[PDB]
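Residue-level structural notes
Single-letter residue listing:
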Amino acid sequence: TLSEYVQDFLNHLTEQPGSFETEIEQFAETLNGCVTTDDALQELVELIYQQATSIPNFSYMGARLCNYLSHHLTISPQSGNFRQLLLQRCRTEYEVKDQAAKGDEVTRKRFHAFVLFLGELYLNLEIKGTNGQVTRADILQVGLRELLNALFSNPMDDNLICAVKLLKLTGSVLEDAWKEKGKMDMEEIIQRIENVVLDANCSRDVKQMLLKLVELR
């Protein structure tokens, strides 16, 4: 089945991160021969999306794999390409982020995996722009800002640690994009972080991590 093939390959990348470069072409090639329906494309997207948002430490690999397949799969069905379906799928979970940042620490591990997968996707998913230049996904730029708002609004240590990671990852790229468009988001994020540090009952070391970000941005 497609799902056995894909899941085997994802397990393989998880166990052997080094094998991406030498096995990715064969993976794309095999998928090109077998992913021929809108349905099969949708299922491929779902399997990779699940691995990236479950499975710890699959953020970077997930996003790198997503970008690769978005450029190397030849199927372009009427209803959406890989890129397009992925981005749609991300909006689905992103819609429940206000609730996802509550719950309990174990349930939130999946939310954090989703947040960082989206951060890595934003950095690494290359889209040919309207002017033919490489651009980043807009819906991800917007989603990241809202995810940060959700994480700071529920200032439990593990939520704050997730926000710190996401901003170390994407913060300079975000800062640049907001400034090109004369937006004040980084200022607003900085005030949110300062209010956490002033008010929240989180750990001292997490507060100190937040303060280091205020120096840099």
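Residues numbered from 1 in each chain as written, not as in the entry; some residues may be left out. Heavy atoms only, no water.

Method information in the entry identifies X-ray crystallography as the source of the structure, with 2.0000 Å recorded as the resolution.

Looking now at the nonpolar core. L69, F82, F117 and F152 are the most contacted members of the largest nonpolar core, which has 73 residues in total. When residues in this core are grouped by element, the largest group, nine residues, is from helix α7 (residues 107-124). If sequence neighbours within four positions are ignored, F117 has contacts with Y49, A52, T53, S59, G62, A63, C66, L86 and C90. (Core = buried A, V, L, I, M, F, W, Y, C linked by side-chain atoms within 4.5 Å. Buried < 20%, exposed > 50% of the residue type's maximum accessible area, 1.4 Å probe, protein only. Helix = DSSP H or I, 4+ residues; strand = E, 2+ residues; numbered from the N terminus. Contact = heavy atoms within 4.5 Å.)

Direction vectors running N to C along helix α4 (residues 59-72) and helix α5 (residues 82-94) enclose 140 degrees, while the axes themselves pass 8 Å from each other. Here α4 contributes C66, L69, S70 and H71 to the contact with α5, which in turn contributes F82, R83 and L86. Partitioning the contact of α4 with α5 into residue classes produces four nonpolar, two polar and one charged. (Axes fitted to C-alpha atoms, helices over the stretch in contact; angles between N-to-C directions. Nonpolar A, V, L, I, M, F, W, Y, C, P; charged D, E, K, R; others polar.)

With that out of the way, let us pick up the pattern of salt bridges. A complete count under the given rule lists 11 salt bridges for this structure. The salt bridge partner of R64 is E21, with a shortest N-O separation of 2.5 Å. A residue pair is termed long-range when its members are at least 10 positions apart, and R64 in helix α4 and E21 in helix α2 (residues 20-34) qualify at 43 residues. Notably, a salt bridge pairs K212 with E215, separated by 2.9 Å at the nearest N-O pair. (Salt bridge = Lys/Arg side-chain N within 4 Å of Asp/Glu carboxyl O.)

Although it is not a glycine, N57 sits at a positive phi angle of roughly 60 degrees. Looking at where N57 falls in the secondary structure, it is placed in the loop between α3 (38-53) and α4. Judged by relative accessible area, which is 81%, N57 ranks as exposed.

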